[PDB]
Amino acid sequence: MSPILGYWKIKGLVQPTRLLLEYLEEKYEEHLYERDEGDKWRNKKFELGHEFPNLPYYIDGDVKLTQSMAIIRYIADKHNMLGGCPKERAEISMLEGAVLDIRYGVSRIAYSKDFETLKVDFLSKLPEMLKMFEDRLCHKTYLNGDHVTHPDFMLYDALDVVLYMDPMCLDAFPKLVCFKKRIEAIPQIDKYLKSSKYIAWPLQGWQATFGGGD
């Protein structure tokens, strides 16, 4: 009747999947769980018809999905965006994982009681990872050349988070600073970011030391 996507009303793990959607102009509704609704999830968690219950979920009627990365890859696969030959898939997946080292690097520490000191060790390695992305862009509009691919949205999302973490981490990465602006200047994403549908905060689950609250 119309694709469903369920998650907490935070950016978290599905923010990118949201942006891919907006970029594709796919129609979808959203089940959004408020912080105060742990019980509500707990019940609809057990009955939606999933074999690996979890959040986020994505229901096409055609399918019932539960893993964050499958859900986004499945959207891209619906639109023939995962790659033609293997060398292509494989490489998209590489960008994928490389962007996940950054986004998970953040997530891994955000809910710990030692965040501020774990912080110092992440921003240290970050540049290193940041750079690979900069060099990758010395010659390609987007992460995989001309045509947008889902990790361009992963990558977007990751810069957005690290910037709240250290506003300057992209001083020294002009190429990355233009990519974040570019993705922004794309009409569909342009609209979504100023739409009512946009969720600007929290970055992580609310309880989180970093990116928590309101």
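For every residue, the number given is its place in the sequence shown, counted from 1.
Worksheet item: Per the entry, where is the mean C-alpha temperature factor higher: 127-135 or 82-90?
Response: If you average the C-alpha B-factors of 127-135 and of 82-90, the larger mean comes out for 82-90.
Worksheet item: If you average the Cα B factors in the entry, which is higher, 62-70 or 158-166?
Response: Between 62-70 and 158-166, it is 62-70 that shows the higher mean C-alpha B-factor.
Discussion item. Take the CA temperature factors straight from the PDB entry and tell me which of 36, 152, 30, 184 peaks.
Written reply: 36 has the highest C-alpha B-factor of those listed.
Practice prompt. Name the residue from 107, 141, 112, 117 with the greatest C-alpha temperature factor listed in the entry.
Written response: Answer for 107, 141, 112, 117: 141, with the highest C-alpha B-factor.
Worksheet item: In terms of the CA temperature factor given in the entry, to which third of its chain does residue 102 belong: lowest, middle or highest?
Response: As the PDB entry reports it, the C-alpha B-factor of residue 102 lands in the lowest third of its chain.
Discussion item. Using only modelled residues of the chain, where does the Cα B factor of residue 95 rank: lowest third, middle third or highest third?
Written reply: For residue 95, whose C-alpha B-factor we compare with every modelled residue in the chain, the answer is the lowest third.
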